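One file, my_file-v2.cif, is given below (mmCIF, C-alpha atoms; chains and numbers go by the auth columns).
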```
data_data
loop_
_atom_site.group_PDB
_atom_site.id
_atom_site.type_symbol
_atom_site.label_atom_id
_atom_site.label_comp_id
_atom_site.label_asym_id
_atom_site.label_seq_id
_atom_site.Cartn_x
_atom_site.Cartn_y
_atom_site.Cartn_z
_atom_site.B_iso_or_equiv
_atom_site.auth_seq_id
_atom_site.auth_asym_id
ATOM 1 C CA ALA A 1 19.808 -21.564 24.473 0.00 162 A
ATOM 2 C CA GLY A 2 16.680 -23.683 24.832 0.00 163 A
ATOM 3 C CA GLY A 3 15.881 -27.363 24.647 0.00 164 A
ATOM 4 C CA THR A 4 13.036 -26.730 22.197 0.00 165 A
ATOM 5 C CA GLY A 5 13.903 -25.090 18.892 0.00 166 A
ATOM 6 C CA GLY A 6 11.715 -23.100 16.538 0.00 167 A
ATOM 7 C CA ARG A 7 11.929 -20.427 13.867 0.00 168 A
ATOM 8 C CA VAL A 8 8.919 -18.102 13.795 0.00 169 A
ATOM 9 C CA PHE A 9 9.946 -14.546 14.669 0.00 170 A
ATOM 10 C CA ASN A 10 13.450 -14.690 13.167 0.00 171 A
ATOM 11 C CA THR A 11 15.256 -17.788 11.889 0.00 172 A
ATOM 12 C CA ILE A 12 16.634 -19.306 8.692 0.00 173 A
ATOM 13 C CA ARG A 13 13.794 -21.688 7.827 0.00 174 A
ATOM 14 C CA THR A 14 12.370 -22.950 4.524 0.00 175 A
ATOM 15 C CA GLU A 15 8.962 -23.190 2.839 0.00 176 A
ATOM 16 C CA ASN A 16 6.915 -20.326 1.380 0.00 177 A
ATOM 17 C CA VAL A 17 3.618 -19.538 -0.356 0.00 178 A
ATOM 18 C CA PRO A 18 3.605 -21.147 -3.833 0.00 179 A
ATOM 19 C CA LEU A 19 2.441 -19.055 -6.786 0.00 180 A
ATOM 20 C CA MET A 20 1.091 -20.611 -9.977 0.00 181 A
ATOM 21 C CA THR A 21 -1.034 -19.757 -13.006 0.00 182 A
ATOM 22 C CA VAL A 22 -3.470 -21.658 -15.217 0.00 183 A
ATOM 23 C CA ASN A 23 -3.125 -22.067 -18.970 0.00 184 A
ATOM 24 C CA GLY A 24 -5.245 -19.801 -21.153 0.00 185 A
ATOM 25 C CA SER A 25 -8.677 -21.188 -22.043 0.00 186 A
ATOM 26 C CA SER A 26 -11.284 -19.864 -24.478 0.00 187 A
ATOM 27 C CA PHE A 27 -15.030 -20.374 -24.033 0.00 188 A
ATOM 28 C CA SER A 28 -16.827 -21.472 -27.213 0.00 189 A
ATOM 29 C CA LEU A 29 -20.616 -21.196 -27.502 0.00 190 A
ATOM 30 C CA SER A 30 -22.832 -22.220 -30.418 0.00 191 A
ATOM 31 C CA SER A 31 -25.592 -19.820 -31.497 0.00 192 A
ATOM 32 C CA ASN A 32 -28.495 -22.190 -32.103 0.00 193 A
ATOM 33 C CA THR A 33 -30.979 -20.980 -34.714 0.00 194 A
ATOM 34 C CA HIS A 34 -33.903 -22.566 -32.832 0.00 195 A
ATOM 35 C CA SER A 35 -35.477 -21.897 -29.415 0.00 196 A
ATOM 36 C CA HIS A 36 -35.794 -18.170 -30.208 0.00 197 A
ATOM 37 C CA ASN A 37 -39.616 -18.292 -30.385 0.00 198 A
ATOM 38 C CA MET A 38 -41.748 -16.052 -32.607 0.00 199 A
ATOM 39 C CA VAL A 39 -44.539 -13.525 -32.096 0.00 200 A
ATOM 40 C CA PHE A 40 -46.847 -11.837 -34.600 0.00 201 A
ATOM 41 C CA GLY A 41 -46.081 -11.692 -38.320 0.00 202 A
ATOM 42 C CA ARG A 42 -44.503 -9.458 -40.993 0.00 203 A
ATOM 43 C CA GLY A 43 -45.646 -6.152 -42.571 0.00 204 A
ATOM 44 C CA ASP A 44 -46.460 -5.098 -39.000 0.00 205 A
ATOM 45 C CA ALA A 45 -45.148 -3.193 -35.955 0.00 206 A
ATOM 46 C CA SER A 46 -41.745 -4.554 -34.938 0.00 207 A
ATOM 47 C CA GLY A 47 -39.508 -3.729 -31.990 0.00 208 A
ATOM 48 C CA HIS A 48 -36.587 -1.455 -32.814 0.00 209 A
ATOM 49 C CA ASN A 49 -33.105 -3.013 -32.655 0.00 210 A
ATOM 50 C CA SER A 50 -34.599 -6.518 -32.464 0.00 211 A
ATOM 51 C CA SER A 51 -32.478 -9.393 -33.731 0.00 212 A
ATOM 52 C CA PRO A 52 -33.565 -10.421 -37.256 0.00 213 A
ATOM 53 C CA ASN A 53 -35.529 -13.676 -37.250 0.00 214 A
ATOM 54 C CA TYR B 1 24.508 -41.091 40.783 0.00 108 B
ATOM 55 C CA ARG B 2 28.068 -42.271 40.107 0.00 109 B
ATOM 56 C CA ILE B 3 29.704 -42.631 36.687 0.00 110 B
ATOM 57 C CA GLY B 4 32.665 -44.898 35.994 0.00 111 B
ATOM 58 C CA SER B 5 34.202 -46.708 33.044 0.00 112 B
ATOM 59 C CA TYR B 6 35.214 -49.793 35.054 0.00 113 B
ATOM 60 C CA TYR B 7 32.807 -52.748 34.980 0.00 114 B
ATOM 61 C CA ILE B 8 33.316 -53.494 38.686 0.00 115 B
ATOM 62 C CA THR B 9 30.545 -53.480 41.281 0.00 116 B
ATOM 63 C CA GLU B 10 30.707 -50.863 44.024 0.00 117 B
ATOM 64 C CA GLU B 11 30.736 -53.619 46.661 0.00 118 B
ATOM 65 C CA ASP B 12 33.478 -55.614 44.915 0.00 119 B
ATOM 66 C CA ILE B 13 36.993 -55.844 46.345 0.00 120 B
ATOM 67 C CA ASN B 14 38.390 -54.026 43.314 0.00 121 B
ATOM 68 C CA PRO B 15 35.827 -51.190 43.722 0.00 122 B
ATOM 69 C CA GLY B 16 35.463 -49.090 46.870 0.00 123 B
ATOM 70 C CA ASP B 17 33.796 -52.085 48.557 0.00 124 B
ATOM 71 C CA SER B 18 30.959 -50.117 50.168 0.00 125 B
ATOM 72 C CA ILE B 19 27.325 -49.267 49.453 0.00 126 B
ATOM 73 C CA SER B 20 25.073 -50.944 46.876 0.00 127 B
ATOM 74 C CA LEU B 21 25.895 -50.412 43.196 0.00 128 B
ATOM 75 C CA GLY B 22 22.982 -49.952 40.812 0.00 129 B
ATOM 76 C CA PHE B 23 22.864 -49.347 37.082 0.00 130 B
ATOM 77 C CA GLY B 24 21.998 -45.784 36.087 0.00 131 B
ATOM 78 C CA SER B 25 20.320 -44.815 32.825 0.00 132 B
ATOM 79 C CA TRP B 26 20.766 -41.441 31.132 0.00 133 B
ATOM 80 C CA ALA B 27 22.537 -38.388 32.569 0.00 134 B
ATOM 81 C CA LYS B 28 21.627 -36.644 35.817 0.00 135 B
ATOM 82 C CA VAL B 29 19.691 -33.389 35.346 0.00 136 B
ATOM 83 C CA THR B 30 19.783 -30.687 38.018 0.00 137 B
ATOM 84 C CA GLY B 31 16.435 -30.170 39.728 0.00 138 B
ATOM 85 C CA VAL B 32 14.864 -27.007 38.315 0.00 139 B
ATOM 86 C CA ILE B 33 14.574 -27.596 34.558 0.00 140 B
ATOM 87 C CA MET B 34 13.786 -30.589 32.347 0.00 141 B
ATOM 88 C CA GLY B 35 15.000 -29.354 28.969 0.00 142 B
ATOM 89 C CA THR B 36 12.827 -28.682 25.931 0.00 143 B
ATOM 90 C CA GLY B 37 10.332 -25.904 26.529 0.00 144 B
ATOM 91 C CA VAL B 38 9.088 -23.364 23.971 0.00 145 B
ATOM 92 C CA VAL B 39 10.690 -22.712 20.578 0.00 146 B
ATOM 93 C CA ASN B 40 11.178 -19.060 21.427 0.00 147 B
ATOM 94 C CA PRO B 41 12.141 -19.118 25.132 0.00 148 B
ATOM 95 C CA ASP B 42 8.938 -19.331 27.166 0.00 149 B
ATOM 96 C CA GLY B 43 9.556 -22.560 29.067 0.00 150 B
ATOM 97 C CA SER B 44 7.388 -25.644 29.528 0.00 151 B
ATOM 98 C CA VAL B 45 6.251 -27.328 32.758 0.00 152 B
ATOM 99 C CA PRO B 46 9.182 -29.331 34.190 0.00 153 B
ATOM 100 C CA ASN B 47 9.139 -32.462 36.334 0.00 154 B
ATOM 101 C CA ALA B 48 10.612 -33.015 39.790 0.00 155 B
ATOM 102 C CA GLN B 49 10.871 -35.505 42.661 0.00 156 B
ATOM 103 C CA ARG B 50 13.369 -38.345 43.108 0.00 157 B
ATOM 104 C CA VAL B 51 12.693 -41.916 41.954 0.00 158 B
ATOM 105 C CA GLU B 52 9.393 -40.699 40.480 0.00 159 B
ATOM 106 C CA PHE B 53 8.773 -42.231 37.039 0.00 160 B
ATOM 107 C CA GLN B 54 7.165 -39.615 34.787 0.00 161 B
#
```

Translate this structure into structure tokens?
Amino acid sequence: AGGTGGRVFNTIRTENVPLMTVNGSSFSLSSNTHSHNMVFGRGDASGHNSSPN
Amino acid sequence: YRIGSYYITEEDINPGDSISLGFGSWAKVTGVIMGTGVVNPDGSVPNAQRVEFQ
């Protein structure tokens, strides 16, 4: 035996790596109708697939 | 080092009546090891010498 005791290579010790999870959260964003800017007018050449404004 | 359960001095008539009797603390450890070294046996640095306080 030895005067100093330790359990590293092989011994019945305690303690481990805890495992936990976080509760489900949903991200909510508001689509503001302003701040979209504007260029040119109507009746005129417009970019295809552009968002209607 | 001498160990005895009788509370009589070594120089007393009841005791052997020779030599000086002094109180001894702790148990005598054989010169070579000092005890606790390494968890897994590797061994620490022991202490030696007589009367030396370390």

For this session: Measuring atom to atom with all atoms listed in the file, identify which of A:167, A:176, A:162, A:192 is nearest to residue B:146.
Result: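 Nearest candidate to residue B:146 out of A:167, A:176, A:162, A:192: A:167.
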
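Using only C-alpha atoms, the part of chain B that sits within 9 Å of chain A is made up of residues 141, 142, 143, 144, 145, 146, 147, 148 and 150 of chain B.
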
Selected by the PyMOL selection byres ((chain A and resi 197) around 12) in the shown coordinates: which residues, as a compact mmCIF listing (two decimals) with C-alpha atoms, in the coordinates of the input?
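Writing done, so here's expr-v9.txt:
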```
# COMPACT_ATOMS: atom_id res chain seq x y z
CA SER A 192 -25.59 -19.82 -31.50
CA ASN A 193 -28.50 -22.19 -32.10
CA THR A 194 -30.98 -20.98 -34.71
CA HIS A 195 -33.90 -22.57 -32.83
CA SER A 196 -35.48 -21.90 -29.42
CA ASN A 198 -39.62 -18.29 -30.38
CA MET A 199 -41.75 -16.05 -32.61
CA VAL A 200 -44.54 -13.52 -32.10
CA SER A 211 -34.60 -6.52 -32.46
CA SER A 212 -32.48 -9.39 -33.73
CA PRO A 213 -33.56 -10.42 -37.26
CA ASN A 214 -35.53 -13.68 -37.25
```

For this session: Can you turn the PyMOL selection byres ((chain B and resi 116) around 10) into a concrete residue list for this file, as an MDAnalysis selection string?
Result: chainID B and resid 113:115 117:130

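Taking atom CA of residue B:158 as the reference point, atom CA of residue B:109 is found at 15.5 Å.
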
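Here atom CA of residue A:187 is placed at a distance of 28.8 Å from atom CA of residue A:210.
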
If the box runs along x, y and z of the file and leaves 5 Å on each side of stretch 114-124 of chain B, what are its centre and edge lengths in Å, one decimal, as lines of an AutoDock Vina configuration file?
```
center_x = 34.5
center_y = -52.5
center_z = 41.8
size_x = 17.8
size_y = 16.8
size_z = 23.6
```

Problem set entry | Explicit residue set for the PyMOL selection byres ((chain B and resi 133) around 12), as an MDAnalysis selection string | chainID B and resid 108:110 130:132 134:136

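The spacing separating atom CA of residue B:138 from atom CA of residue B:159 amounts to 12.7 Å.
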
For this session: For residue B:140, work out the shell of residues within 8 Å, counting only C-alpha atoms and skipping chain neighbours fewer than 3 positions away, then give it as a PyMOL selection string.
Result: chain B and resi 136-137+153-154
